[PDB]
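Chemist: got the complex split up, this is the first portion:
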Amino acid sequence: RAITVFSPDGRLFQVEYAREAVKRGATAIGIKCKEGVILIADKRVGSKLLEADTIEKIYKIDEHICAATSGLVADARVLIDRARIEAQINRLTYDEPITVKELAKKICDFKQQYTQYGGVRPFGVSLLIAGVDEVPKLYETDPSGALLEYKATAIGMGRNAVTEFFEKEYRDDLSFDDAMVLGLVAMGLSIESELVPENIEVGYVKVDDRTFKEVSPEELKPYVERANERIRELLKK
Amino acid sequence: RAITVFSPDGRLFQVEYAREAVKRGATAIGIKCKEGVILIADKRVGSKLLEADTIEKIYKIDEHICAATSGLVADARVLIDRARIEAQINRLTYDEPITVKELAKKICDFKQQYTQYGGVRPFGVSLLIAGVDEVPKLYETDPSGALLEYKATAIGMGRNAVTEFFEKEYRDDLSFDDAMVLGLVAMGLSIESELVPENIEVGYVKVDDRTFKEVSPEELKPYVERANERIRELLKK
Amino acid sequence: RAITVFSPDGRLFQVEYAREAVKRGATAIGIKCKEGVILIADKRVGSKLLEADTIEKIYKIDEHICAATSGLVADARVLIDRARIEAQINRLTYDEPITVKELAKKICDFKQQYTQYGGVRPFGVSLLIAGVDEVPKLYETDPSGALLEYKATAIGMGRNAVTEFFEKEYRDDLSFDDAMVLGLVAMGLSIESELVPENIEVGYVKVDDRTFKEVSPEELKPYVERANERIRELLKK
Amino acid sequence: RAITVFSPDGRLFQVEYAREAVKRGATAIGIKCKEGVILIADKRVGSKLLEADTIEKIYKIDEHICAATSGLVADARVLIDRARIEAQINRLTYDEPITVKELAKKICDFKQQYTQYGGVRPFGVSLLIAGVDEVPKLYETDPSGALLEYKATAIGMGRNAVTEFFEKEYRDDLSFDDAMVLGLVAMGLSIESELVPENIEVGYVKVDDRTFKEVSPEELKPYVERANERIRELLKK
Amino acid sequence: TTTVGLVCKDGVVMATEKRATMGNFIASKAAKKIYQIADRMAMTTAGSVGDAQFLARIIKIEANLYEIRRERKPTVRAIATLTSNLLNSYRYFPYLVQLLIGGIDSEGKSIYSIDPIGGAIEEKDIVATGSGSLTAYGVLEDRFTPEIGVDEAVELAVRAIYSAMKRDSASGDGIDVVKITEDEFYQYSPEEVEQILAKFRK
């Protein structure tokens, strides 16, 4: 009899329902290694009529921070812009870039309010925030405003698949290219097949020059190729 | 027909449902002795993919105050930040650190409002606030805004276990190390097994140098070890 | 179809439900004699883990006014602080202490509003306000905002017990010590047994030096003792 | 689906339910004669523990105005204070006492709003406003904000009894003492017995020195006595 | 106006005279300029009568409420910080007042001199305030020693304010003194003061 309230189980149905929306979302993956953090997203489209070359799934928050999103697409938009504003405000007041951790807490606090203030609904979206403070970092957010730091993970429908996979293959010492390839593979198993460089997006931030760059389609060819390798092989069972 | 209202029993269901959320929360323990107060929390994770070395469960409020939380994780965040602001405000206006007792009353008053103001819901969280005024102190809060001072206690799912245990083992004259070990034990019984130093957090504030310090993983080894002792032993029945 | 509204009976269910909350409340007693007014409360705890020496049940409002509370514990807090502010305000504007009667009317008016303003719920608490204007005075408040001046009474679960008792034993000419003992007795019958000085609180305000003082545990010994006397004796039937 | 709305009958249930609350109210009477107007109220208490000598049921609004109340006691409080403020405001703006008629209209307009503004409920109280402008006057108010000028009347549970009685005995030429006695009698029949001076209150305002005075318990003796007379006699059938 | 304050080895002393003026018009021969904030805390007020009186009320009320609510007495530092902030907030239309807040607390003994803009100096020994302060400072800085005890410190105080009354037409009419020892918060009464300055010349 209100909006977002407690159930006898002590849970928030609105938040849980919001989570159902993120599950239906396109899958996004993030991997962290020593040399940096990669974020790769499913860019696949369902019609030759959509401008695929345009569609962007990995967003630049600041120079050293990017993010991937999943859930209600419209809500996600306001959320990343929100994160962008948040980043610039930090510069405006301290003349310094915001840490990936701080930025995450801030949008998470934002989302949390839409969780307990009657005349509003929660954000049907989950976020993958990656960047490099003094070390590479990866965080994933929940519709409730909960924050979690992962070494590697995913959000979206293909979640579980890549989660189980990384659970076995991921390693603290992976190289940048190894780490990335491991990611393209996870994606592959996720969509249940070999990947097409033309419909996947990859962004990263290397610990050397803390600046978000996005892997070009050409630089992708080799990685997708080397990944499709182990994918076909892995798609035996 | 509103939000948080009275039932014919004279109770607030929303508040009670909020309490159901805290019960599901990860367990946290607090023990007070003459030499100070310890706060230990279950840091255990459910995936090798989460950055365990990062996850923080015991928060510093001020130099002489820390707190543990249980319940909705996102609500908890705003609540400890709220407590942090509250502490600094005291400094800003009186040029003096806030007492643990006062700080507690303040966040409890804060939480109490979300209990009778229609367009909002209660905080699905309970807090353990420990610090040292002129003597060590330990308070635990409730979603309703109720405050209680304990000699020793716990919040979260493992609550009852450690409550019954302390009910028998706790003693007003425990030494700092004794008091702490008694806590690691309570935790052990709680999770139904021996503890792994690598997945439990401990923070404290000794009456000597009233400053919150957090037990390092190395300084933990001996304590966990000496605790796992009496744990195995105690896990006979 | 709103919040606090009239029933066909001409009553306010929310207010009555709030009253159900106060009945479940810890019992508190107030006795007025010529030499002053005493307020005694059940300080009894349900765990050796709670700092009993701390727990406070009788509050100082001003120098010449104290109050006991019953019902929702969190609500009570805001209500006494409210009373405290109210008292200082009187000083601020007239440079004079507020009378017990006036202070009572003010918090009662405060409580009355949460009784007819839709976006809010009533205070699930009842108050015993005691002090000494030119003569000792005792008032008890209701969740509805109703005010009543008693010679002696009680609120909380043990209400009826002690009410029936005072209804027979109380006398307009009781001495201060007699009046107090008569009160510890009422408490005794209330909790159905002899009292333990260590778990009851007593405060008062003597007409001589209009200042709220609280009976020390040592000064209690004799009174509790002399009361447990007539208690055991009275607990025959 | 709101709060105070129209029923298919064209009536306001909330207002009618509020009226049910006034019926349950303690009875109050008012009688007007040429020499002035009297207001008498049932002061009877249900416990020897209540300060009867204190309890006030007839309130002074201004020098030439008093009022009696019936219904929710807390609501009544705010309503008379409201009337009091209203009276002074008149003085503040015109440097003149407000007429009884004007004062009544004003609180009636006040009450009327809580009758059609969604986020609030009606006042569960009725009022008897008596004073002397250039001639004695008596008005009675309704939870709806309706105003009525009576020669003689009553509000509360004993209403009908005294209404039927005055309907026969009241006379336009009654003397002050006659009029008053007629009132004590109505009260007697109301409570179904002889009256006790010690538990009835009487206030009035004589046309000679337009100032509200309250009949002292001693000045009452004779009247109550002379009334109990015709009461016993009248309590034959 | 002239008020002094000295921190002795065994407590705190504060004193003021009783004159209130408006130009050369002597409006009062018995104005109150010394207030009790807490059990072991006092405050002297120099400046605008209305402003000082107003602030005095606020200060007391907040000191009380602080204790009643936290069951701890507020430290002079806490009251001084509180007052500084209030004063500074109104820095563009300040309360024309010079305040002296001091006494004994868990942190020790101390006195604070606070100006209209909330500028507070921590007086570790001697301090004067008001139109006569400069003359008062004369004797204070002449006869003061950190080992001075509250008992001779009240004499010194009377001594200084007495000199000041001699060269400040805005000061005079009498003098209040207050001793803050610990075992007590004492206020001397006319008789006792009149007898202390009797060992001088009047």
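Modeler: Received the coordinates, thanks. Residues are numbered from 1 along each chain as shown, chains lettered A, B, ... in the order given.

Chemist: could I have stretch E:117-131 exported to PDB, CA atoms only?
Modeler: C-alpha atoms of stretch E:117-131 as PDB (Å, rounded to 0.1, in the frame of the first residue of the first chain):
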ATOM      1  CA  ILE E 117      33.100  38.400  14.500                       C
ATOM      2  CA  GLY E 118      33.600  35.300  16.600                       C
ATOM      3  CA  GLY E 119      37.300  35.700  16.900                       C
ATOM      4  CA  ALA E 120      38.200  33.800  20.100                       C
ATOM      5  CA  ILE E 121      41.500  34.100  21.900                       C
ATOM      6  CA  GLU E 122      42.400  31.500  24.600                       C
ATOM      7  CA  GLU E 123      43.400  33.500  27.700                       C
ATOM      8  CA  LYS E 124      46.100  31.500  29.500                       C
ATOM      9  CA  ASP E 125      46.500  34.000  32.300                       C
ATOM     10  CA  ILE E 126      45.200  37.600  32.000                       C
ATOM     11  CA  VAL E 127      42.500  39.500  30.200                       C
ATOM     12  CA  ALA E 128      40.500  42.700  30.300                       C
ATOM     13  CA  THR E 129      37.500  43.800  28.300                       C
ATOM     14  CA  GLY E 130      35.400  46.900  27.800                       C
ATOM     15  CA  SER E 131      36.100  50.700  27.500                       C
END
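
Chemist: buried set for that stretch?
Modeler: E:118, E:120, E:123, E:126-131 (16 or more other C-beta atoms under 10 Å in any protein chain shown). For the C-beta atoms, the positions are set from N, CA and C on the backbone; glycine is no exception.

Chemist: what are the ranges of the strands in chain E?
Modeler: Assigned by DSSP state E, chain E shows strands spanning E:3-8, E:11-17, E:20-22, E:25-28, E:34-38, E:41-47, E:97-105, E:108-114, E:120-123, E:126-129, E:175-180, E:185-187.

Chemist: chain A too?
Modeler: For chain A, applying DSSP E gives strands covering A:28-32, A:36-42, A:58-62, A:65-71, A:125-132, A:136-141, A:147-149, A:152-155, A:200-206, A:213-214.

Chemist: of all those strands, which one is nearest residue B:188?
Modeler: Set against residue B:188 and scored by C-beta to C-beta, these come closest in strand A:147-149, at 25.7 Å.

Chemist: just the buried positions in the closest one, please.
Modeler: Within strand A:147-149, the residues scored as buried using 16+ other C-beta under 10 Å are A:147-149.

Chemist: what strands flank it, and is each parallel or antiparallel?
Modeler: Here strand A:147-149 is paired, per DSSP bridges, with strand A:136-141 (antiparallel).

Chemist: for the strand it pairs with, list the C-alpha coordinates in PDB.
Modeler: What follows is strand A:136-141, C-alpha atoms only, in PDB (Å, rounded to 0.1, in the frame of the first residue of the first chain):
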ATOM      1  CA  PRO A 136      42.900  -1.600 -12.100                       C
ATOM      2  CA  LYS A 137      39.400  -1.800 -10.600                       C
ATOM      3  CA  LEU A 138      36.000  -3.400 -11.500                       C
ATOM      4  CA  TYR A 139      32.700  -2.800  -9.700                       C
ATOM      5  CA  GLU A 140      29.200  -4.000 -10.500                       C
ATOM      6  CA  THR A 141      26.000  -2.300  -9.300                       C
END
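
Chemist: how about the residues of chain A by chain B?
Modeler: By the rule C-beta under 8 Å from any C-beta of the partner chain, the part of chain A lying against chain B is A:1-2, A:4-12, A:105, A:108-109, A:111-112, A:115-119, A:142, A:144-153, A:163, A:166-167, A:170.

Chemist: what of chain E?
Modeler: E:70, E:72, E:74-75, E:77-78, E:80-82, E:85.

Chemist: and then chain F:
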Amino acid sequence: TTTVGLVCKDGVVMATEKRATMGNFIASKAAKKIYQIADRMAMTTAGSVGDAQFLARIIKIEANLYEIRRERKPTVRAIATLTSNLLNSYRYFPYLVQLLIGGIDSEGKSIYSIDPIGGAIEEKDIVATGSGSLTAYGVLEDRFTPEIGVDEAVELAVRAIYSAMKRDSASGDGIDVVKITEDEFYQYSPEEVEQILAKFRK
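Modeler: Adding chain F to what we have so far:
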């Protein structure tokens, strides 16, 4: 008032004297004009006592909260930017204060001089502030060298503030000095300073 700050090869040094005045009236011989913001950050305040004191509290509280919340210590740049913005926001009724905020942080060693309007100059070596700054600048610009070490830099600082006390009646009464090395944030105490200026003339 006079305060200096110098960035050495091995750290930072900041010093001030202890005088507080109101016209020619020496209100204080021991005013505090040096505050600690973070572990390796200090701040000196010149200007309105009440304004500086007020701002100092805000600065501290915000530095604290910053760290407690982000579990990182704030850089001097951050505090300097923070303070600039605050100062400038009040540009039409500015806080009459000259601030010096510096120390050591992840970015290196630095000092910022900030004015009432929030105009911040990044001091890469030498800086003086207050009514005596111009005299202090005399010796500072005479004996300073980028290779100077914090240990001789504190001597230099005392040296400069000592000269200033000789020509600025608003300065004087003593001098606080603070060394910010990395292994430490040291405050010399009267004894040590008294012995450092002893190699001069007083």
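
Chemist: please look at the buried residues of stretch E:117-131 again, because chain F has been put in.
Modeler: The neighbour-count check on stretch E:117-131 (16+ other C-beta under 10 Å) flags E:117-123, E:125-131 as buried.

Chemist: so the longest helix along chain E versus strand E:41-47, what angle?
Modeler: Longest helix in chain E, counting residues (DSSP state H): helix E:49-70. Relative orientation of helix E:49-70 versus strand E:41-47 (axes from the mean of the first three to the mean of the last three C-alpha atoms, to 10 degrees): 160 degrees.

Chemist: I'd like to know which elements helix E:49-70 is packed against.
Modeler: Using 3 or more C-beta pairs under 8 Å, 6 or more residues apart in numbering or on different chains; DSSP states H and E, the elements in contact with helix E:49-70 are strand C:58-62, helix C:73-94, strand E:34-38, strand E:41-47, helix E:76-89, strand E:97-105.

Chemist: among these, which comes closest to chain D?
Modeler: The closest of these to chain D is helix C:73-94. By C-beta to the nearest C-beta, the value is 14.7 Å.

Chemist: span of stretch A:207-225 from start to end?
Modeler: 25 Å (C-alpha to C-alpha, to the nearest Å).

Chemist: what's next to that stretch, contact-wise?
Modeler: With C-beta atoms under 8 Å, 6 or more residues apart in numbering or on different chains as the test, stretch A:207-225 has contacts from A:34-36, A:58, A:60, A:62-66, A:131-132, A:135-136, A:177, A:180-181, A:184, A:195-198, A:200-206.

Chemist: picking that back up, could you pull out the buried residues of the longest helix of chain E?
Modeler: Across helix E:49-70, burial judged by 16+ other C-beta under 10 Å covers E:49, E:51-53, E:55-56, E:59-66, E:68-69.

Chemist: can you tell me the centre-most residue of chain E?
Modeler: Centroid-nearest residue in chain E, with C-alpha atoms, centre = their mean: residue E:44, separated by 3.0 Å.

Chemist: pretty sure it is touching residue E:34, no?
Modeler: Yes - contact criterion C-beta atoms under 8 Å: residue E:44 and residue E:34 qualify, at 5.3 Å.

Chemist: which neighbours do those two share?
Modeler: Common contact partners of residue E:44 and residue E:34 (C-beta under 8 Å, 6+ apart): E:3, E:14-16.

Chemist: nearest residue to the residue of chain A found nearest chain D other than its sequence neighbours?
Modeler: Nearest residue of chain A to chain D (C-beta to the nearest C-beta) works out as residue A:1 at 13.1 Å. Excluding its sequence neighbours, the residue lying closest to residue A:1 (C-beta to C-beta, 6 or more residues apart in numbering or on different chains) is residue B:1, at 6.0 Å.

Chemist: cool, and residue A:38?
Modeler: Per C-beta to C-beta, 6+ apart, closest to residue A:38 is residue A:204, 4.3 Å.

Chemist: is it true that the one you found touches residue A:32?
Modeler: No - look at residue A:204 against residue A:32 with C-beta under 8 Å: they stay out of range, at 10.2 Å.

Chemist: overlap in contacts, the two.
Modeler: Common neighbours of residue A:204 and residue A:32 (criterion: C-beta under 8 Å, 6+ apart): A:38, A:130.

Chemist: residue 176: neighbour count?
Modeler: Reading this off chain A. Using other C-beta atoms under 10 Å in any protein chain shown, residue A:176 has 19 neighbouring residues.

Chemist: wait, chain E
Modeler: For residue E:176, the count of nearby residues is 24 (other C-beta under 10 Å).

Chemist: who's in contact with it?
Modeler: By C-beta under 8 Å, 6+ apart, residue E:176 lies in contact with E:15-18, E:32-34, E:187-188, E:193.

Chemist: need the buried ones from the residues you listed selected in PyMOL.
Modeler: A single PyMOL command selects the buried members of the contacts of residue E:176 (16+ other C-beta under 10 Å):
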select buried, chain E and resi 15+16+17+18+33+34+188+193
